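Below is one structure; the comments refer to it alone.
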2 protein chains.
Amino acid sequence: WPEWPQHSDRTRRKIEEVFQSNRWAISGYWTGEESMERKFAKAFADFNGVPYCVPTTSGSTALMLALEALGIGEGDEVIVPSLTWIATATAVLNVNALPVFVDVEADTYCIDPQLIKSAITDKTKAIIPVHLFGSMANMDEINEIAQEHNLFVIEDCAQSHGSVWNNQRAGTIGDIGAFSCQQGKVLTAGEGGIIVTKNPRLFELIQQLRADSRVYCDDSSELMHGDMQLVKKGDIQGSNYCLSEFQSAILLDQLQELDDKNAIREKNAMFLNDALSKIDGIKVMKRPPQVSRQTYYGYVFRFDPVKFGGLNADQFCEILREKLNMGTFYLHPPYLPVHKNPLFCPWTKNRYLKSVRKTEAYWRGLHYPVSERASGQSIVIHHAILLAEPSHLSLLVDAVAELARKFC
Amino acid sequence: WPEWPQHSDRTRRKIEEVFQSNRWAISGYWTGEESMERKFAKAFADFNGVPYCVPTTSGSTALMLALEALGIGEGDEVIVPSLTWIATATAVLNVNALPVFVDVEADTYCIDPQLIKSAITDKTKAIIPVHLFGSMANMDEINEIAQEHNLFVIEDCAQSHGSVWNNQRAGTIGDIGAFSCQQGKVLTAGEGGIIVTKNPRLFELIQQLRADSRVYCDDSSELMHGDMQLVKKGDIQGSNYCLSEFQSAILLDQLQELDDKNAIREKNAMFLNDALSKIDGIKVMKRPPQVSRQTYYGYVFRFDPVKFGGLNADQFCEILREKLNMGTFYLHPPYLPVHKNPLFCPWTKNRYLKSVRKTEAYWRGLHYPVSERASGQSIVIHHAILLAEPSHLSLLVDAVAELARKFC
Ligand SMILES: Cc1ncc(COP(=O)(O)O)c(CN)c1O
Ligand SMILES: Cc1ncc(COP(=O)(O)O)c(CN)c1O
């Protein structure tokens with residue numbers, strides 16, 4: 001089976017270019033030509049059809065800085081989906097705000113717009129929709145709600161680089177878009193993050209937030225070898241969340257084939273959708289008409305335990321991995337909801353305000369039915385598998401079909 | 001003149017090893033052999049003679065996590081020197097605590113122990129001494145004060161990798177040591193950070209704080225290809241501050257020659273100390289008897305404006321750079337004190353608690369005479385210059401000597 005990550009001599013070439021420039025950080029001085037960071041930023045901005053792009057250290061930090069740039073802090077509430085990686089919620093706690101969970105839709109696993117209004121209070125300042133696995137949150141409904149209630153929208157696109165909703169790439173629709181480039185993502189450098197926005201003011205603030213209150217110099221063409229490209233601004237307090245040049249170089253390389261590989265993943269995902277949907281008891285995810293291009297970080301399908309011998313997703317996956325010989329990293333059940341995830345334990349850290357970290361019972365006692373049911377009756381196939389030949393993917397289909405015949 | 005950073009085919013070899021392992025992140029699965037992160041951690045721990053080492057994303061984040069691990073948060077005060085990079089103070093604000101500045105010593109530019117007591121209040125929980133440029137803070141005095149007042153000590157070693165005080169490497173003396181591996185530092189991968197501690201409990205907490213509440217599995221030798229090396233713990237809430245494998249690889253390479261290069265820098269620094277000290281009006285930094293090995297991230301010497309035509313450090317440096325033909329990055333005046341640095345502007349961010357960010361007047365109105373005088377009558381030579389041949393360094397000495405004769 002295809003493995004992940006993937007590299008080529010082109011990747012090595014980009015790394016060699018960093019060594020030749022002898023500039024390993026954006027805070028390093030100008031050595032003659034543009035930094036890998038800015039070259040990648042320009043390329044990704046074009047890819048996303050978004051005015052501004054600022055690379056950073058991780059998707060988690062990308063989310064945090066997005067919140068900081070919007071002026072979110074103590075006393076504020078931010079609405080987030082219960083089903084997602086814990087970072088979507090911890091980024092909120094990191095800025096002293098309170099994450100407020102809302103359940104997801106049964107057929108997309110993305111935040112349910114019809115449950116958002118009920119969670120809005122006078123403290124609500126933003127919503128962080130997540131385009132989970134291989135689906136997009138309903139940005140039409142979400143932006144309508146955000147507009148009516150004067151709320152900001154931050155798109156968590158860590159699992160949807162390149163997805164398109166009504167001809168707008170994921171991340172360009174909300175006020176600020178955040179991406180992760182951690183190893184498992186479709187665009188990766190091992191570690192890495194990306195922030196994008198259409199607003200010029202936010203672009204300046206984001207730069208400062210990740211470069212110790214600094215911004216790019218007025219004109220890079222006027223720079224001489226030895227001159228600093230980052231200059232003081234001081235409009236907003238920032239810290240160091242600069243991506244290394246080695247990572248920006250790898251991202252530049254990986255980006256050149258992102259659209260093509262996403263196209264392959266989608267072709268195969270659709271193939272699976274039509275094949276798996278014919279099996280009684282299997283339900284594929286519902287694709288919104290507004291989505292013209294879907295990036296599949298993870299291919300998800302659901303099953304009815306009643307029609308599959310009462311198996312839970314863990315057992316279902318174990319059976320499939322044995323039959324297909326693929327690793328746990330590549331075929332497994334979805335995350336546990338954030339409020340139930342052992343990795344989510346805000347109350348254990350004094351750094352968090354007592355008013356927002358609450359107590360163990362406060363979070364664990366929350367109830368979000370749809371999100372909770374997900375890890376028990378859904379199967380997630382990592383995108384690398386979607387790069388395999390159709391003949392190979394057919395084996396997965398046959399496996400699910402066999403298992404089904406075993407209970408029919 | 002020698003430039004920085006510096007690499008070799010050994011550096012390229014380490015990078016190729018990461019590509020061969022196809023594991024680019026510590027959160028990636030086991031691919032057969034130990035991660036670059038753990039190999040570097042083990043090597044650096046041996047280098048520092050410290051029990052535990054956890055690599056992270058930056059020196060700024062290293063400081064922040066050190067504070068989080070010690071339980072520092074809202075309502076706490078942390079004593080820091082006025083003369084240092086702004087991160088020493090912003091890391092404190094990042095955990096919702098209040099940084100409290102103390103002036104530095106005239107002949108070392110490190111926090112003045114005799115001024116620390118006066119700053120201690122019932123809210124004080126820790127002290128963050130910084131081993132600035134080419135000097136070490138008096139750890140004897142600081143640990144005595146910390147012991148008497150029940151305070152934690154976090155050593156900011158971003159500018160002193162390898163320094164030795166009473167046969168203990170910088171960072172191993174306090175409760176937790178933090179290091180930066182940003183491009184300009186003596187040990188670098190473009191971006192990067194390191195945390196070290198002697199305490200087993202803190203080691204576990206630090207791991208979780210940088211890996212989303214996870215720790216290393218019980219035994220890596222029992223791991224099969226495909227298995228995750230990071231496992232859930234949940235004793236303390238963490239976020240993602242994992243160093244990429246590419247960076248850990250470069251650090252492993254750079255570490256192998258760190259001690260030798262530091263030895264060269266020190267030999268040359270001493271040469272300069274004996275030569276420059278003979279010039280009327282020039283004062284070298286005072287080296288504590290307890291320091292047996294001094295890492296010179298920056299070589300600093302002071303001058304008496306009264307004996308040097310009233311020149312300020314900026315003009316003095318401009319003259320020297322013209323005569324020696326070296327860049328501003330390599331020869332320049334010290335930082336402005338943190339409270340006066342335009343990059344330090346806590347009041348501009350809502351993320352910070354109103355109680356700790358205060359106002360512009362609160363910080364800018366502070367007064368720390370020694371730290372303030374530093375940027376006006378001190379010259380800093382970047383460590384790369386200290387790797388030059390003695391004959392070349394003599395040119396610097398001749399330049400200062402010429403300038404002196406011009407005012408005599
Ligand atoms: C929705 C979401 N947000 C944020 C993150 C964090 O990304 P990172 O591990 O690069 O800090 C992830 C997982 N990578 C995620 O799935
Ligand atoms: C004392 C000190 N602390 C922390 C830092 C921050 O280091 P970093 O740029 O790797 O986040 C620096 C400068 N690198 C520093 O001099």
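So you can find residues: chains in the structure tokens are A, B, ... in the order shown, residues in each start at 1, and ligands are numbered from 1 in order.
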
Exercise. Select from region 15-223 of chain A everything DSSP, run on the backbone, classes as alpha helix (DSSP H), then give the selection as a count of residues only.
Key: 64

So that I can check the surroundings of region 282-289 of chain B, please list as a CSV table (one decimal) with N, CA, C and O atoms, in the first residue's frame every protein, DNA and RNA residue that reaches within 8 Å of it, counting only C-alpha atoms and ignoring chain neighbours fewer than 6 positions away.
```csv
chain,number,residue,atom,x,y,z
B,107,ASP,N,29.4,44.9,35.2
B,107,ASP,CA,30.4,44.2,34.6
B,107,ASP,C,30.1,42.8,34.0
B,107,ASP,O,31.1,42.1,33.6
B,108,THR,N,28.9,42.4,34.0
B,108,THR,CA,28.5,41.1,33.4
B,108,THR,C,27.2,41.1,32.6
B,108,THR,O,27.0,40.3,31.8
B,135,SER,N,28.6,35.8,29.2
B,135,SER,CA,28.7,35.7,30.7
B,135,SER,C,27.6,34.9,31.3
B,135,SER,O,26.6,34.5,30.7
B,136,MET,N,27.9,34.5,32.6
B,136,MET,CA,26.9,33.7,33.3
B,136,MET,C,26.4,34.4,34.5
B,136,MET,O,27.1,35.2,35.1
B,138,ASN,N,25.2,34.9,38.3
B,138,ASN,CA,25.8,34.3,39.5
B,138,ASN,C,24.8,33.2,40.1
B,138,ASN,O,24.0,33.6,41.0
B,273,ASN,N,40.2,39.8,25.2
B,273,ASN,CA,40.1,40.4,26.5
B,273,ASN,C,41.5,40.9,27.0
B,273,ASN,O,41.5,42.0,27.5
B,276,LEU,N,42.3,44.1,24.3
B,276,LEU,CA,41.5,45.2,24.5
B,276,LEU,C,41.5,45.9,25.8
B,276,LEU,O,41.3,47.1,25.9
B,300,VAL,N,31.4,40.7,24.2
B,300,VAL,CA,31.1,42.1,24.6
B,300,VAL,C,32.2,42.9,25.3
B,300,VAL,O,32.9,42.3,26.1
B,301,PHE,N,32.4,44.1,24.9
B,301,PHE,CA,33.4,45.0,25.5
B,301,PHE,C,32.7,46.3,25.7
B,301,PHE,O,31.9,46.7,24.8
B,302,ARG,N,33.1,47.1,26.7
B,302,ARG,CA,32.5,48.4,27.0
B,302,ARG,C,33.5,49.5,26.7
B,302,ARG,O,34.7,49.2,26.8
B,303,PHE,N,33.0,50.7,26.5
B,303,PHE,CA,33.9,51.8,26.3
B,303,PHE,C,33.4,53.0,27.0
B,303,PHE,O,32.1,53.2,27.2
B,304,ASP,N,34.3,53.9,27.4
B,304,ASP,CA,33.9,55.1,28.1
B,304,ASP,C,33.8,56.3,27.1
B,304,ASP,O,34.8,56.7,26.5
```

Contacts of chain A with ligand 2 up to 12 Å, shortest pair per row, only C-alpha atoms and all ligand atoms, as a Markdown table:
```
| residue | atom | partner | partner_atom_place_in_ligand_line | distance |
| --- | --- | --- | --- | --- |
| A:25 | CA | ligand 2 | 9 (O) | 9.7 |
| A:26 | CA | ligand 2 | 9 (O) | 10.6 |
| A:27 | CA | ligand 2 | 9 (O) | 8.2 |
| A:28 | CA | ligand 2 | 9 (O) | 10.4 |
| A:57 | CA | ligand 2 | 11 (O) | 11.2 |
| A:210 | CA | ligand 2 | 11 (O) | 9.9 |
| A:211 | CA | ligand 2 | 9 (O) | 8.8 |
| A:212 | CA | ligand 2 | 9 (O) | 8.5 |
| A:238 | CA | ligand 2 | 11 (O) | 10.7 |
| A:239 | CA | ligand 2 | 11 (O) | 7.1 |
| A:240 | CA | ligand 2 | 11 (O) | 4.7 |
| A:241 | CA | ligand 2 | 11 (O) | 7.2 |
| A:242 | CA | ligand 2 | 11 (O) | 8.5 |
| A:243 | CA | ligand 2 | 11 (O) | 11.0 |
| A:244 | CA | ligand 2 | 10 (O) | 10.6 |
```

Save out the residues we just selected, C-alpha atoms, as an mmCIF file, in the first residue's frame.
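So the final result, stored in result_28.cif, reads:
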```cif
data_model
loop_
_atom_site.group_PDB
_atom_site.id
_atom_site.type_symbol
_atom_site.label_atom_id
_atom_site.label_comp_id
_atom_site.auth_asym_id
_atom_site.auth_seq_id
_atom_site.Cartn_x
_atom_site.Cartn_y
_atom_site.Cartn_z
ATOM 1 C CA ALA A 25 15.406 31.200 9.358
ATOM 2 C CA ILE A 26 13.258 34.140 8.270
ATOM 3 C CA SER A 27 14.818 36.077 11.159
ATOM 4 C CA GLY A 28 18.174 35.414 9.535
ATOM 5 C CA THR A 57 4.971 26.487 13.152
ATOM 6 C CA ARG A 210 4.450 35.144 14.800
ATOM 7 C CA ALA A 211 7.620 37.250 14.489
ATOM 8 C CA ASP A 212 7.984 38.982 17.862
ATOM 9 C CA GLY A 238 3.941 38.733 19.105
ATOM 10 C CA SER A 239 6.184 35.792 19.957
ATOM 11 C CA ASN A 240 8.407 33.600 17.785
ATOM 12 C CA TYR A 241 6.305 31.217 15.691
ATOM 13 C CA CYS A 242 8.427 31.384 12.536
ATOM 14 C CA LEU A 243 8.668 28.340 10.280
ATOM 15 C CA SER A 244 12.247 27.213 9.530
#
```

Practice problem: Extract, using only C-alpha atoms, all DNA, RNA and protein residues at most 10 Å from residue 358 (chain B), discarding same-chain residues fewer than 2 positions from it, and format them as a list in words. | Solution: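 Once the adjacent positions are removed, what remains is residues 98, 345, 346, 347, 348, 352, 353, 354, 355, 356, 360, 361, 362 and 363 of chain B.
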
Practice problem: Check the smallest atom-to-atom distance from each of B:298, B:101, B:35, B:5 to residue 21 (chain A) using only C-alpha atoms, then report the winner. | Solution: B:5

Self-check item: Who sits within 7 Å of residue 30 (chain B), only C-alpha atoms, same chain under 5 positions skipped, as a PyMOL selection string
Solution: chain B and resi 224-229

Same residues, N, CA, C and O atoms, output as a JSON list (two decimals), in the first residue's frame:
```
[["chain", "number", "residue", "atom", "x", "y", "z"],
["B", 224, "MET", "N", 6.78, -2.02, 16.95],
["B", 224, "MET", "CA", 6.83, -2.65, 15.64],
["B", 224, "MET", "C", 6.65, -1.53, 14.63],
["B", 224, "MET", "O", 6.14, -0.46, 14.97],
["B", 225, "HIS", "N", 7.09, -1.75, 13.40],
["B", 225, "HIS", "CA", 6.94, -0.74, 12.36],
["B", 225, "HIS", "C", 5.44, -0.43, 12.27],
["B", 225, "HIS", "O", 4.62, -1.34, 12.19],
["B", 226, "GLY", "N", 5.10, 0.85, 12.31],
["B", 226, "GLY", "CA", 3.70, 1.24, 12.25],
["B", 226, "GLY", "C", 3.10, 1.66, 13.58],
["B", 226, "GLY", "O", 2.08, 2.35, 13.61],
["B", 227, "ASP", "N", 3.72, 1.24, 14.68],
["B", 227, "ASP", "CA", 3.23, 1.60, 16.02],
["B", 227, "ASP", "C", 3.57, 3.04, 16.39],
["B", 227, "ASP", "O", 4.61, 3.56, 15.97],
["B", 228, "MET", "N", 2.71, 3.66, 17.18],
["B", 228, "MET", "CA", 2.95, 5.03, 17.64],
["B", 228, "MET", "C", 3.91, 5.00, 18.83],
["B", 228, "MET", "O", 3.79, 4.14, 19.71],
["B", 229, "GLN", "N", 4.85, 5.94, 18.86],
["B", 229, "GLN", "CA", 5.81, 6.02, 19.95],
["B", 229, "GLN", "C", 5.28, 6.93, 21.06],
["B", 229, "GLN", "O", 5.66, 6.79, 22.21]]
```

Quiz item: Neighbours of ligand 1 within 8 Å, counting only C-alpha atoms and all ligand atoms, as number ranges by chain?
Solution: A: 57-63, 84-88, 130-132, 156-159, 178-182, 184-185, 191-193; B: 239-241

Practice problem: Please provide the set of residues having any atom within 8 Å of residue 336 (chain B), restricted to only C-alpha atoms, with same-chain residues fewer than 6 positions apart removed, written as a list in words. | Solution: residues 83, 371, 372, 374 and 375 of chain B

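Here CA of residue 367 (chain A) is placed at a distance of 20.2 Å from CA of residue 313 (chain A).
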
Self-check item: Residue contacts of residue 163 (chain A) (8 Å, only C-alpha atoms) excluding same-chain residues fewer than 4 positions away, as a ChimeraX atom specification
Solution: /A:136,169-170,291-295

N, CA, C and O atoms of the current selection, written as a PDB file, in the first residue's frame:
```pdb
ATOM      1  N   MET A 136     -16.845  19.170   4.137  1.00  0.00           N
ATOM      2  CA  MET A 136     -16.732  20.588   4.444  1.00  0.00           C
ATOM      3  C   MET A 136     -17.924  21.023   5.277  1.00  0.00           C
ATOM      4  O   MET A 136     -19.038  20.522   5.093  1.00  0.00           O
ATOM      5  N   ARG A 169     -11.651  28.302  -2.162  1.00  0.00           N
ATOM      6  CA  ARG A 169     -10.876  27.277  -1.479  1.00  0.00           C
ATOM      7  C   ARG A 169     -11.081  27.373   0.028  1.00  0.00           C
ATOM      8  O   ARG A 169     -11.224  28.466   0.578  1.00  0.00           O
ATOM      9  N   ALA A 170     -11.098  26.220   0.688  1.00  0.00           N
ATOM     10  CA  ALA A 170     -11.260  26.174   2.133  1.00  0.00           C
ATOM     11  C   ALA A 170     -10.193  27.058   2.781  1.00  0.00           C
ATOM     12  O   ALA A 170      -9.008  26.946   2.461  1.00  0.00           O
ATOM     13  N   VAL A 291     -19.816  21.709  -2.852  1.00  0.00           N
ATOM     14  CA  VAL A 291     -18.435  21.235  -2.940  1.00  0.00           C
ATOM     15  C   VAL A 291     -18.117  20.687  -4.334  1.00  0.00           C
ATOM     16  O   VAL A 291     -18.686  19.684  -4.758  1.00  0.00           O
ATOM     17  N   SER A 292     -17.203  21.353  -5.040  1.00  0.00           N
ATOM     18  CA  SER A 292     -16.805  20.940  -6.386  1.00  0.00           C
ATOM     19  C   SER A 292     -15.501  20.139  -6.362  1.00  0.00           C
ATOM     20  O   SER A 292     -15.237  19.344  -7.260  1.00  0.00           O
ATOM     21  N   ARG A 293     -14.691  20.372  -5.333  1.00  0.00           N
ATOM     22  CA  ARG A 293     -13.430  19.660  -5.148  1.00  0.00           C
ATOM     23  C   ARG A 293     -13.350  19.340  -3.661  1.00  0.00           C
ATOM     24  O   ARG A 293     -13.430  20.242  -2.829  1.00  0.00           O
ATOM     25  N   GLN A 294     -13.215  18.063  -3.321  1.00  0.00           N
ATOM     26  CA  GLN A 294     -13.095  17.686  -1.920  1.00  0.00           C
ATOM     27  C   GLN A 294     -11.742  17.046  -1.661  1.00  0.00           C
ATOM     28  O   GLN A 294     -11.372  16.076  -2.317  1.00  0.00           O
ATOM     29  N   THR A 295     -11.000  17.602  -0.712  1.00  0.00           N
ATOM     30  CA  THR A 295      -9.717  17.032  -0.344  1.00  0.00           C
ATOM     31  C   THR A 295     -10.022  15.990   0.719  1.00  0.00           C
ATOM     32  O   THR A 295     -10.689  16.285   1.709  1.00  0.00           O
TER      33      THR A 295
END
```

Practice problem: Tell me, in Å to one decimal, how far CA of residue 234 (chain A) is from CA of residue 93 (chain B). | Solution: 16.2 Å

Practice problem: Considering only C-alpha atoms, return as number ranges by chain whatever protein or nucleic-acid residues lie within 7 Å of residue 177 (chain B), sequence-local ones (same chain, fewer than 2 positions apart) excluded. | Solution: B: 154-157, 171-172, 174-175, 179, 195-197

Quiz prompt | Among the residues A:31, A:268, A:167, A:221, the one that comes closest to chain B [using only C-alpha atoms] | solution =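 Closest to chain B, using only C-alpha atoms: A:31.
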